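Enquirer: Quick one: structure below, then a few questions.
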Amino acid sequence: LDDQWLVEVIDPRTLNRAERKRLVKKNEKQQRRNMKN
Amino acid sequence: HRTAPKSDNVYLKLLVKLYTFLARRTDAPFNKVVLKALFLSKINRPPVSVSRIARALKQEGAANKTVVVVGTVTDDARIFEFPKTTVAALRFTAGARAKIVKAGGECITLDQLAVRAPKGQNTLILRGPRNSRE
Amino acid sequence: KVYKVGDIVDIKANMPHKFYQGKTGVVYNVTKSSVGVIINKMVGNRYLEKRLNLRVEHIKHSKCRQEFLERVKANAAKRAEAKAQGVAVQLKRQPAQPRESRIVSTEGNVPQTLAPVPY
Amino acid sequence: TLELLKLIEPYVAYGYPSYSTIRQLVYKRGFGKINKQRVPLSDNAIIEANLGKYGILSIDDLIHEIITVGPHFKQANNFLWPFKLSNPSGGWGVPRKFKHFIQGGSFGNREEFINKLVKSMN
Amino acid sequence: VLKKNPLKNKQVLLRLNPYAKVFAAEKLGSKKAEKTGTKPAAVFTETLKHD
RNA sequence: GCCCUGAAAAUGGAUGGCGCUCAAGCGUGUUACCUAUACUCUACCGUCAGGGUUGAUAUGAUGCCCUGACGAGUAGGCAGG
RNA sequence: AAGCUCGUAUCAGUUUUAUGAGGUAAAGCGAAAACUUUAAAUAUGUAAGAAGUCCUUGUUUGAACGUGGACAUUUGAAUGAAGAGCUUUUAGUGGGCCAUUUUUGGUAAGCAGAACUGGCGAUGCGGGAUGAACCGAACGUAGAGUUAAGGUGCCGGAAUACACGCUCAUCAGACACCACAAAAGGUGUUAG
RNA sequence: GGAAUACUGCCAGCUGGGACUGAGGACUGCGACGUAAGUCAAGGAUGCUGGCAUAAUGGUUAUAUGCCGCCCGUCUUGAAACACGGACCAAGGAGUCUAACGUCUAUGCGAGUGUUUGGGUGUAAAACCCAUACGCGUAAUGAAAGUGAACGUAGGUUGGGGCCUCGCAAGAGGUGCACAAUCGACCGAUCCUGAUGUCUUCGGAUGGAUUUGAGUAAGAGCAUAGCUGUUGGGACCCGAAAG
């Protein structure tokens with residue numbers, strides 16, 4: 001999605017990227033838990 | 001845009017006959033509008049107080065213009081002075097009629113009006129408020 | 001060259017992602033990350049607004065009203081001149097009228113008869 | 001207009017009408033539009049009291065404006081109501097009718113034979 | 001009440017177009033034309049006849 | 001290009017039938033002719049639209065007159081009977 | 001349906017003119033297809049004046065955020081038309097096939113997905129011997145006339161018409177196709 | 001060298017045969033021919049003659065002949081069929097009543113409106129008369145305590161139907177009802193501003209920045225009836241497996 005030219009839906013591409021960042025952060029939180037336990 | 005009064009008022013049909021003939025042979029737009037109004041239902045024919053008549057006679061050079069209310073002319077105990085100008089209308093509630101006459105007016109009706117002014121010269125057509133009940 | 005909200009734009013490209021690829025719509029948001037455009041898209045018989053973000057590497061500024069500008073100048077100036085010195089105006093555009101007669105003279109253009117031989 | 005004709009070529013049979021056929025078509029099927037009422041010409045004052053604004057004050061002035069395409073030709077041509085012709089009185093002259101006039105059919109440009117077809121359809 | 005066709009009905013035809021009377025009076029539908037004697041060009045005869 | 005083989009079962013059988021062979025077959029050309037609720041013109045019904053008329057001495061004004069175009073119809077809708 | 005605000009100088013399943021893009025490639029000429037200028041429609045896209053047009057200064061010369069002042073109708077392309085608009089409102093509706101065209105992927109062969117446009121349903125009538133989808137076709141009651149699609153041996157209204165070629169089949173063909181058996185054989189015939 | 005014919009086209013060229021129709025119902029128009037009186041193929045058919053007068057024409061009906069015509073209704077709408085109902089006749093037979101809200105229209109009165117719980121009277125379940133209350137409406141907004149709608153000609157602005165003025169109009173000016181767009185005003189709630197002063201915590205000043213309300217900004221409702229909508233009652237009619 002950060003590649004093509006138009007999306008046909010505040011740009012939603014940046015929103016895609018920030019959503020993925022929240023996802024990998026949830027991964028990191030559930031990994032910090034697992035490595036604490 | 002209905003083309004006949006849905007009422008079987010004998011007198012309303014007589015007035016519609018008069019105003020069809022006048023609108024057909026005068027070419028003064030006052031007749032076209034007064035006729036088109038004579039076809040209006042009861043929720044589209046709302047009442048005009050005597051207060052709006054006073055507030056309209058307040059205008060410039062509207063001193064001797066008779067006012068014409070196709071609907072009915074109710075009363076308003078919230079004023080304390082009425083001018084002395086002729087008012088013509090369909091129906092006059094007895095309060096308003098007594099007020100107009102006590103100040104000195106004349107509640108001619110629409111056919112005395114037809115005689116007094118066929119083309120409608122020197123007249124104010126007042127329409128009451130409508131968007132109240134919704 | 002920078003944008004402002006509401007100027008009729010064009011589009012272009014530098015593949016098979018979403019082919020409008022030629023439409024002229026109005027921009028609505030001059031953002032750094034992208035430019036958003038509205039498109040009049042027909043669904044059955046229904047001109048709808050389609051909102052779409054684009055990257056500014058494939059967008060050019062339409063100039064479709066420059067002709068109207070130039071012709072406003074032409075026509076106003078012409079009718080002013082015509083009010084100055086009074087002759088016929090004909091200050092309206094016309095379709096191509098058909099040509100009239102003329103004599104095509106053969107003194108050096110003698111005709112040459114050819115068929116699909118080729119020769 | 002040429003683009004319109006190219007577009008509807010399959011469904012019409014157009015051509016270049018001449019003076020004689022214009023004249024007979026207008027004396028016979030000539031009906032004017034007056035208050036949206038297809039009134040037959042049948043007169044002169046009829047034409048006159050609607051096309052007097054453009055100086056067309058007979059039926060020959062009208063035929064003149066139509067044939068020597070004039071400044072008010074849009075006005076004359078919309079005053080006339082679309083002629084409603086009869087089926088051709090000698091047949092269309094072909095077995096099958098929906099091919100281009102060039103392929104031995106009947107639709108499309110027919111540059112000069114439209115006079116013959118129309119006189120027959122009159 | 002009834003549309004009467006010109007191009008017949010001489011009365012209608014002369015009601016419209018008061019000129020049809022002189023048309024018929026001079027026989028203008030069968031008017032001649034003088035004998036022009038412009039023999040044409042050899043180049044035109046060639047490019048017609050010749051292949 | 002026509003023509004013949006170029007495969008297909010099982011009650012009797014279908015270029016629709018009869019029949020056709022310088023065709024009543026195939027390609028093509030010029031004419032003439034036949035026929036739809038289609039197209040033109042006319043008369044009548046109805047609806048819609050545009051004009052006119054509440055004047056005696058005679059009417060039905062929700063009427064009377066003049067003009068033009070149109071008419072399939074299920075669920076539904078409106079109107080007159 | 002009603003209300004109200006116009007009889008719109010307004011709109012249109014349309015063309016043009018402008019400028020768009022996809023330029024396939026016919027350019028052609030380059031430095032020797034070698035570019036890149038470019039082109040027809042191929043098919044869409046937005047725009048073509050009344051609030052427009054400007055003339056005169058307050059503002060972070062620019063762009064205008066403010067004025068005031070001129071050009072009503074040659075007032076700004078072709079064609080058609082009056083049914084255009086906006087508020088309240090109210091009944092049925094929701095299932096689904098065929099074809100065409102644009103396009104993506106397919107394999108024994110069909111085909112599957114899209115998008116658009118017809119048709120069908122609610123719809124009779126002429127023709128195709130018969131018929132959901134094929135060819136014509138604007139359904140009040142009648143008269144006359146002329147034709148569409150299809151036809152003209154007889155059934156059956158209408159030339160056993162006219163003209164040029166071809167073919168003989170021990171079950172021709174009249175086919176409907178711009179499909180399948182279809183690649184071939186043949187000492188049948190005709191023209192190249 | 002000089003012709004004619006063919007083909008194509010034009011005539012407001014002449015001339016003949018056939019078919020269908022004859023709507024309208026004093027005059028008015030456009031014309032044309034004639035000096036004019038007049039006449040006419042010009043805003044729709046008349047003139048002359050015959051036969052019969054009643055089953056001759058027309059209507060009804062049985063049949064014959066030519067051509068056409070798949071059996072009705074329902075449900076699936078595609079083998080658009082299948083399937084389901086149909087022996088025949090008569091009578092019966094299925095969107096009704098009521099309550100509550102709501103809509104559109106009609107009528108009465110109108111800042112009002114509503115007589116019929118009840119009383120009076122009566123020719124007696126009718127009609128006629130009537131007091132006191134009560135509902136809705138004429139005031140909103142707050143979670144609540146509570147507070148509660150004029151700076152102005154009830155306001156400027158932009159349109160706006162009608163009317164006035166000018167001139168013949170076009171056009172121009174004047175005023176502009178309804179309603180709409182916009183900026184203001186007022187009341188309630190929210191945030192601050194915090195007094196005159198106070199039994200010291202009560203009192204609540206000025207202004208602004210917000211928002212918001214079917215808010216006000218010279219009222220429009222109340223009642224009855226008809227047509228309709230929704231919900232609830234057996235609820236368009238018949239039909240189920242039960243507790």
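Starting from 1 in every chain, residues are counted up; chains themselves are A, B, ... following the order of the structure tokens, and ligands are numbered from 1 as listed.
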Fewer than 6 positions away in the same chain doesn't count, so skip those; otherwise give me all residues within 8 Å of residue D:109, counting only C-alpha atoms (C1' of nucleotides), as a CSV table (one decimal) with C-alpha atoms, in the first residue's frame.
Expert:
chain,number,residue,atom,x,y,z
D,9,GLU,CA,-26.4,6.4,-40.3
D,13,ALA,CA,-31.7,7.8,-45.3
D,14,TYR,CA,-30.6,11.3,-45.9
D,15,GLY,CA,-29.6,13.2,-49.0
D,101,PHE,CA,-27.3,2.4,-49.9
Enquirer: Determine which residues of chain A receive a DSSP assignment of alpha helix (DSSP H), computed from the backbone, and state them as number ranges by chain.
Expert: A: 12-36
Enquirer: Quick one: residues within 12 Å of stretch 5-8 of chain A, only C-alpha atoms (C1' of nucleotides) counted, chain neighbours fewer than 6 positions away excluded, as number ranges by chain?
Expert: A: 16; C: 11-21, 33-39, 49-59
Enquirer: Within 10 Å of stretch 39-41 of chain D, counting only C-alpha atoms (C1' of nucleotides), which residues show up once you throw out same-chain ones fewer than 3 positions away? Write them as a count of residues only, please.
Expert: 23
Enquirer: Give me, as a PyMOL selection string, the contact residues of chain D against chain F at a cut-off of 7 Å, counting only C-alpha atoms (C1' of nucleotides).
Expert: chain D and resi 37-38+85-87
Enquirer: List the spatial neighbours of stretch 75-78 of chain H as a ChimeraX atom specification - criterion: any atom at most 9 Å away, only C-alpha atoms (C1' of nucleotides), same-chain residues fewer than 6 positions off excluded.
Expert: /G:97,121,132 /H:84
Enquirer: Report as number ranges by chain the set of chain A residues whose atoms approach chain C to within 12 Å, with distances computed over only C-alpha atoms.
Expert: A: 1-15
Enquirer: Atom CA of residue E:11 and atom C1' of residue H:11 are how many Å apart?
Expert: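 We find that atom CA of residue E:11 and atom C1' of residue H:11 lie 18.2 Å from each other.
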Enquirer: Which of these, C:10, C:24, C:98, C:91, has the shortest distance to residue C:74 once you count only C-alpha atoms?
Expert: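 Residue with the minimum atom-to-atom distance to residue C:74: C:91.
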Enquirer: Within 7 Å of chain E, which residues belong to chain H? Use only C-alpha atoms (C1' of nucleotides) and report them as number ranges by chain.
Expert: H: 11-12, 30-32, 42-44
Enquirer: Which neighbours of residue B:112 fall inside 12 Å, counting only C-alpha atoms (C1' of nucleotides), when residues of the same chain fewer than 5 positions from it are skipped, and could you give them as a ChimeraX atom specification?
Expert: /B:15,18,68,86-90,106-107,117-118,120
Enquirer: Would you pick out the contacts of stretch 134-146 of chain H at 9 Å or less, using only C-alpha atoms (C1' of nucleotides), so that residues sharing its chain but fewer than 5 positions from it are not included, and give the list as a ChimeraX atom specification?
Expert: /H:111-114,187-189,213,215-216,219-222
Enquirer: For a test of reading the model, state the distance in Å between atom CA of residue B:29 and atom CA of residue B:70, rounded to one decimal.
Expert: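 Taking atom CA of residue B:29 and atom CA of residue B:70, their separation equals 15.0 Å.
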